[PDB]
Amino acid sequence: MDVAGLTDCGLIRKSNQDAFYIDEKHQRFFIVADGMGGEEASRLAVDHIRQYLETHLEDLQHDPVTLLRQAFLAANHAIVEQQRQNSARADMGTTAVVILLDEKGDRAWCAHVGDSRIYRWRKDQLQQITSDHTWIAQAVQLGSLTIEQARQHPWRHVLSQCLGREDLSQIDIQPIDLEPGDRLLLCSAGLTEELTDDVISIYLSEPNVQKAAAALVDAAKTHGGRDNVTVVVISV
């Protein structure tokens, strides 16, 4: 498999509070986080999830749901501890999206908290796997609010879940089976606020994943680059 990752401050923001990690050694897991002390929070999330998976993958890869829940909870606690040991950054928080591949490499466990996304691409069609933890997306799902005005709503990106909360309740985890030639995309909402799914799907069709990742970021900036933007692209 091939993988590429890229983060960019974008054209407007003063600093980049997104972070990411790719397991380049063994290609087992991939992480993107979007902070909001947001830089501390996203860095804690990425580091703690990485270290937890590195440590427990061997023992727990047979129970990926428990492994992922425990990794996310470790990150959550680390952020909450720093909130307590820090009045200034008392409300710091971050999203996270994680893919953990099984040993064989043709199943991706997708885990997330927040409005960063995982997508799967296949033969020029793109599917969003994760459902945003936003008050707005919850409306579209269970009630009155179309994707039409939801994508236009001003509270579009207010989070209903984030890492860094004592009362973290929801960690969404689901498996997806993979076929050769599939692409997986982990991204912060800096990408999807600028690029429609149709546009994203085109850049993902670029055979070279390093080129696809760079093109996605460049495209997000050419479209306005209003926020930090991070992508990880995996070719199966």
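The first residue of the sequence shown is number 1, and the count goes up from there.
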*Using the PDB record, quantify the missing residues of the deposited sequence between residue 36 and residue 37 as none, 1 to 3, 4 to 9, or 10 or more.*
4 to 9
*If you average the Cα B factors in the entry, which is higher, 123-131 or 82-90?*
82-90
*Select between 48-56 and 203-211 the stretch whose C-alpha atoms have the higher average B-factor in the entry.*
203-211
*At the C-alpha atoms, which of 172, 194, 198, 167 reaches the highest B-factor in this entry?*
167
*In terms of the chain's CA B-factor thirds, is residue 113 lowest, middle or highest?*
lowest
*Would you mind checking where the Cα B-factor of residue 28 ranks among the modelled residues of its chain, as the lowest, middle or highest third?*
lowest
*asked:* Using the temperature factors of the C-alpha atoms in this entry, rank residue 150 within its chain: lowest, middle or highest third.
replied: highest
*Which third of the chain holds residue 61 when residues are ordered by C-alpha B factor: lowest, middle or highest?*
highest
*Third of the chain, ranked by Cα B-factor, where residue 142 sits*: highest
